[PDB]
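Single chain ahead, written as structure tokens, the form deposited without its partner chain.
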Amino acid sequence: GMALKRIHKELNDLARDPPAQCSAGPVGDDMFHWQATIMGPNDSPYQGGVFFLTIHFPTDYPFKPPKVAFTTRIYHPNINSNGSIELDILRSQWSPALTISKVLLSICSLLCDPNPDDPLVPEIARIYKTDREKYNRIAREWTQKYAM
């Protein structure tokens, strides 16, 4: 019904109007379980990295958000060691006008410009706020270590 119809539509829109540096789609035949990839944004400390994600759509999609997590380690104030993502639209600010394409754009922007006042990893938030050249150095080191 409504969830599968929206997931098929959002997959066709992704495929017809591809992003430049993200991909997402069903793992196999299960339309509710997707994988995504995001290339580290150019001019970010993640540049050259490839980051994998898992996406689980709920049965009442599009009226509740997908559950999205990283499976690649990343140094970021809003992503923890389990890959959990602190992002407003995946919790309190979800709307059925959002789509998986818009979620991927939002995650890309979050990698480009973190929310350190809503952290999952307090020390990374503190270094982001107090010493940005050090933050960028470490995030580049972790990109080389885990995402290449």
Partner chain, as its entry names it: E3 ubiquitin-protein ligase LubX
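Positions refer to the first chain, counted from 1.
Undergrad: When the Cα temperature factors in the entry are averaged, is it 41-49 or 114-122 that ends up higher?
TA: Looking at the record's C-alpha B-factors, the answer is 114-122.
Undergrad: Averaging the C-alpha B factors as listed in the entry, name the stretch that ends up higher: 15-23 or 134-142.
TA: Mean C-alpha B-factor is greater for 15-23.
Undergrad: Looking at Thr99, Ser106, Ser92, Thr54, which has the highest Cα B-factor in the entry?
TA: Across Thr99, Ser106, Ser92, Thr54, the entry lists the biggest C-alpha B-factor for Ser92.
Undergrad: Of the three thirds of its chain by CA temperature factor, lowest, middle or highest, which one includes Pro65?
TA: Ranked within chain, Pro65 CA B lands in the lowest tercile.
Below, we turn to the form deposited with its partner chain bound, even though it does not appear here.
Undergrad: How about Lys129 - does it come within 4.5 Å of its partner chain in the entry with it bound, if we only consider non-hydrogen atoms?
TA: Answer no; every heavy atom of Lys129 is more than 4.5 Å from its partner chain in the entry with it bound.
Undergrad: Which residues, if any, of 88-114 lie within 4.5 Å of its partner chain in the entry with it bound when only heavy atoms count?
TA: Heavy-atom contacts within 4.5 Å come from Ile89, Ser92, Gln93, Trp94, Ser95, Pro96, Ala97, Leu98.
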